[PDB]
Amino acid sequence: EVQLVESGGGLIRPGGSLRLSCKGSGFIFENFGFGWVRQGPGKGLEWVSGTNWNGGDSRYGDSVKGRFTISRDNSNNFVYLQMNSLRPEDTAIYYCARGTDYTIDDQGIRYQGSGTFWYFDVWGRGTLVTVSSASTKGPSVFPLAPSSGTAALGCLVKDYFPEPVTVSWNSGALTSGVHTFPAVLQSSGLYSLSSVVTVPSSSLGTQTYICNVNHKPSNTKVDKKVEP
Amino acid sequence: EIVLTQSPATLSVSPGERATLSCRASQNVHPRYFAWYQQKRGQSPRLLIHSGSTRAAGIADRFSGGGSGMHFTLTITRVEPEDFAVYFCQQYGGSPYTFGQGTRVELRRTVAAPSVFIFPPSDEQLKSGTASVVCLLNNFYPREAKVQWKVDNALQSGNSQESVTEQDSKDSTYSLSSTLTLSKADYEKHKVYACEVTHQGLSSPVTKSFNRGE
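The residue numbers you see begin from 1 on each chain and track the sequence as written, which may not match the entry, and residues missing coordinates are not shown. Here every chain gets a letter starting at A, and every ligand a number starting at 1, in the order they are written. Side-chain numbers come from the whole structure's heavy atoms, not from hydrogens or water.

Its PDB record attributes the structure to X-ray crystallography, giving the resolution as 2.906 Å.

Okay, here's the thing in structure tokens:
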């Protein structure tokens, strides 16, 4: 029943501001501390901000000290994170996480009800925050012709924005041996991935192979047949 | 500031074996001020151990933490297939609170050599001013593999990007793609395009290549 829900994520140009909101429910919001943890594109976890049960103690991450601001509303079950002057390096999934419902002072005594942001026992689904100056674009689909056991063919989806893109082969029929690689951000601020599939050596001449690229954020749908 | 260093980077284990993850703190940390998190693919992280060696809510019996000073460990008695994920260690004895870079727990299988393919820049792309040469490594274990590009016996650097799949669900292998991007101008200036792959399953570095327009 206990759940945390993030909101406020989305595309933001460099230098812009944004405000994240977290709705706590199913627990006594008053006793717990809270904190924000972000996770970049396929990387580890980084501590961003945190606040205690009453909000009297608020620490921030080293990278974001001064730019970010955390606040809470105990009378409405909300945790906020004001983010100012966003750089491309702040692109990540931001998790709203619940702290403790207690604390322990210097003398080693336990204080019930005075929660803090030591560790986090409850995490939300997180909200995605993309910081880029580039504009929305549909992908260009180039073929990867098999030339000289077996043979590999594929589709190079290049220069699109933003994520995601879905690649399927022969609609829903072809699945076995298909490898869709994670997208890679280029120097131009545009994404680009590859999707390959291995087929029998003599299977080329008989049956055709199409990759169904589907980029919803640009209303783009592309069918690409691949041949030597 | 306390820097946490997890080792090993990748922990290759088999279902049933015992797993011991390590975290090397730069400064001394009180044993009661440490935590461990688990994160399966595509999901939010989850607390396993808090207060040094206390199992979180609904955490299985096999998980256990401990340690003091600069060395902390998380131990799984026998690992289940549900335990294959990324594990982060966290300290909170010193401000600011920091995480480890993470330890990937993978399913260990037998060594498999990569099937190396190579793709020339499509004519559709060359007609648009760019050129992308793709080098593919198929179904290879372990994850460690070095790929170096050679254009007319000249080593490349910085102009190539790599991407690798998650561990396959069927055969527990990996697949890697290395994309070398060049302008159409510099692409026409050359003839031989090679891709030298170095792997454990190979007795010696395999080199797949093609000649432009042949």
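**Student:** Got a minute to help me understand the overall build of chain B in this structure?
**Tutor:** Labels follow the DSSP assignment, with helices taken as runs of H or I lasting at least four residues and strands as runs of E lasting at least two, numbered in each case from the N terminus. Along chain B, the regular secondary structure elements total two helices and 17 strands. What the globule rule says is 2.2 Å times the number of residues to the power 0.38, and the radius of gyration is computed from C-alpha atoms. In terms of overall dimensions, chain B is more spread out than a globule: its C-alpha atoms have a radius of gyration of 22 Å, far above the 17 Å expected for 214 residues. Dimensions of chain B along its principal axes, counting C-alpha atoms only, are 65 × 35 × 30 Å. Out of the 214 residues in chain B, the part that is buried amounts to 47%. Restricting to contacts in chain B with at least 6 residues of sequence separation, those with at least 24 account for 57%. Residue-level accessible areas treat just the shown protein chains as cover; the underlying method is Shrake-Rupley with a 1.4 Å probe. Counting every atom, chain B has about 10,100 Å² of accessible surface; 46% of that belongs to carbon and sulfur. Only protein chains enter the accessibility calculation, which uses a 1.4 Å probe. A residue is then buried if its area is under 20% of the maximum for its type, exposed if over 50%, and partly exposed in between. Only heavy atoms matter for contacts: two residues are in contact if any of them lie within 4.5 Å across the pair.

**Student:** What is the right way to read the sheet that holds strand β20 (residues 210–215) of chain A from this model?
**Tutor:** In a beta sheet, neighbouring strands are held together by backbone hydrogen bonds and run either parallel or antiparallel to one another. Residues and elements named next belong to chain A. Strand order in the open sheet formed by three strands is β16-β20-β21, with antiparallel pairing between adjacent strands. The open sheet has two edge strands, β16 (166–169) and β21 (220–225), and neither has a second partner. Within this sheet the neighbouring strands show an average axis-to-axis angle of 15°, counted without direction. Two strands are counted as paired when DSSP detects at least two bridges linking them. Only C-alpha atoms enter the line fits that serve as axes; for helices the fit covers just the stretch in contact. Angles between N-to-C directions range over 0 to 180 degrees.

**Student:** Just to check I follow, could you spell out the domain arrangement of chain A for this structure?
**Tutor:** The accessible area lost on association of the parts is a frequent measure of interface size. Residues and elements named next belong to chain A. Domain annotation of chain A identifies domain 1 (1–133) and domain 2 (134–228). Between domain 1 and domain 2, the contact holds four residues from the first and five residues from the second. In short, buried area is how much 1.4 Å probe accessible area vanishes from two parts on joining, totalled over both. Counting each side, the surface lost to burial between domain 1 and domain 2 is near 320 Å², with a carbon and sulfur contribution of 47%. Its largest share of buried area at the contact with domain 2, domain 1 owes to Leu11, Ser132 and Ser133, together 77% of the area lost on that side. Criterion for a salt bridge: a side-chain nitrogen of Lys or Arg within 4 Å of a carboxyl oxygen of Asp or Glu. At the junction of domain 1 with domain 2, the criterion picks out zero salt bridges. For the purposes of these results, a polar contact is taken to be a pair of N or O atoms within 3.5 Å, where, inside protein, one atom must be able to donate a hydrogen and its partner to accept one; residues adjacent in sequence count only when each atom of the pair is a side-chain atom. Applying the counting criterion to the domain 1 and domain 2 interface returns one residue pair in polar contact. Note that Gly is not counted as nonpolar here; it falls among the polar residues with everything else outside the nonpolar set of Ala, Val, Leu, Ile, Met, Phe, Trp, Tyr, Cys and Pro and the charged set of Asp, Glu, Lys and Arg. Broken down by class, the residue content of the side of domain 1 that touches domain 2 amounts to one nonpolar, three polar and no charged. Where a domain begins and ends is set by an automatic assignment or by a domain database.

**Student:** How should I be thinking about the packing of aromatic side chains in this particular structure?
**Tutor:** Aromatic ring pairs: the centre-centre distance and the angle between the two ring planes describe each pair. Aromatic pairing here means that ring centres of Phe, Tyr or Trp (its six-membered ring) are within 6.5 Å. Orientation follows from the plane angle: under 30 degrees is stacked, over 60 is edge-to-face, and everything else is tilted. One pass over the full model with this rule turns up 26 aromatic pairs over all chains. Between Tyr95 of chain A and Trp123 of chain A, the aromatic rings sit 5.7 Å apart at their centres with planes inclined by 75°, giving edge-to-face as the arrangement. With a gap of 28 residues between them, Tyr95 of chain A in strand β9 (residues 92–98) and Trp123 of chain A in strand β12 (residues 122–123) connect regions that are remote in the sequence. Comparing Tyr95 of chain A with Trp123 of chain A, the two get one shared label, buried. Between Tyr193 of chain B and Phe210 of chain B the ring centres are 5.8 Å apart and the planes differ by 25°, which places this aromatic pair in the stacked class. With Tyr193 of chain B in strand β16 (residues 192–198) and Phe210 of chain B in strand β17 (residues 206–211), the pair connects residues that are 17 residues apart, well separated along the chain. Across the pair, exposure class does not vary: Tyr193 of chain B and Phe210 of chain B are buried alike.

**Student:** Quick question: what am I supposed to make of the domain arrangement of chain B here?
**Tutor:** All names here are of chain B. Once the domains are mapped, chain B shows domain 1 (1–109) and domain 2 (110–212). The centre of domain 1, based on its C-alpha atoms, is set 35 Å off from the matching centre of domain 2. Between domain 1 and domain 2, a total of about 780 Å² is buried, with carbon and sulfur atoms accounting for 38% of that surface. The interface formed by domain 1 and domain 2 includes zero salt bridges. Here domain 1 is connected to domain 2 by five residue pairs in polar contact.

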